[PDB]
Structure formats: structure tokens, C-alpha cells
């Protein structure tokens, strides 16, 4: 039979009133022998009906795929409400069911530290600048880099990972050409997360 996938809102959508956070329920591998798919949404037990269900799109398997999308309220998601996608189809013996939410626990405030490049990286052409983010819970974050109010292109950010305390941490490595660091250009690590004041902090690094 068919398979269901329940996708959450990207982190930054739930921290800015500017954005629109949503949950996407996706049914894949729907057949022509009955491609009637029915969506029932529930938040925290009680069913909602404010979901927008796109029409079936057949794929190149020769299989149908249906996407229902439910907008959330930022406070709802951050107050840890559970969202149930329920999928009905006359093939399936029993309706498939999915619950989703942010990961249960107590919010823990991240601590950001910026580390200048190691002295030995001076002998190369492009030095690495480091942003360490520690002690945050849950793990959905957002990290990136700006220099003079404008984003920096060349940085990779490692995923979050469970520390010994049960909270998370990460690093992001921004690679700049040796000159821009030498001159004293100020660089800037910004992070977004529920347990920050106004969901935003930023620390800067410069020679």
C-alpha cells in the first residue's frame, strides 16, 4: 500500500512572526486502483480542518502523490502542541497515522562563542573562523554569518548533536581570505532559537 511522511516547519519559520510555519503531510505511492486519499488533521487530539490539500499528482513510477499542508500558529508549535496527519484510502486495511511536534523537553538557552583562526592557519591563504553554540535545547536552531549587515557566502555549519548534559551544540566554519581578516573587517555570527530573548542573538569576531 501507500506510505505517509509528516514534515515539520523549518526552524526559522516558527521564530519570526514574519514567516509562516506549516506542517506538510505527504502521501506517496498512491495507485490508480483507488487514488482517493482523504486527510484528517488533528492538533493535540482535536481535529482541525484549516488544511489546504493540493490535488493528486501522478509521478513517473506511475504512482500518485497527495500533499496536504497545515499552517500552524507559532505559539502553538513553540508551546509543544502535537499535530496528527490521518490518511484514508480504500486500499489500505487501516488509515495511516502520524503525529509530530518539536522535541519534548525544557528550552535551554544557547551560548555563542566566536573563535579566531588558529595561529598556524595564518600560513595558508584562507583562514577559518569558528562559531560555537552550546547548551541549547531543543536542537532546531538557525545559524549564519554576516559582515557589515550583509550575508557571508562561504560557511558550512555542522548539524546539532547531543552533548553529555543532554543539551546540544554545534560549530559553523566561515572561510575568509586572509586579507579581509588581517584588515580588521568585523564578522558576525547570528543565531535564532526559541529560548533566546527575541529569538535572536549575535556575537562578533575581529582581529
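Residue numbers count along the first chain shown, from 1.
When the two stretches 179-187 and 192-200 are set side by side, the higher mean Cα temperature factor goes to 179-187. In this entry, 119-127 shows the higher mean Cα temperature factor of the pair 98-106 and 119-127.
In the deposited coordinates, the residue among 167, 68, 158, 50 with the greatest CA B-factor is 50. Across 81, 90, 74, 84, the greatest Cα temperature factor reported in the deposited entry is at 90.
Sort the chain's modelled residues by C-alpha temperature factor and residue 45 lands in the lowest third, per the entry. Per the PDB record, residue ranking by Cα B-factor puts residue 60 in the highest third of the chain. When the CA B factors of the chain's modelled residues are split into thirds, the value for residue 30 lands in the highest one.
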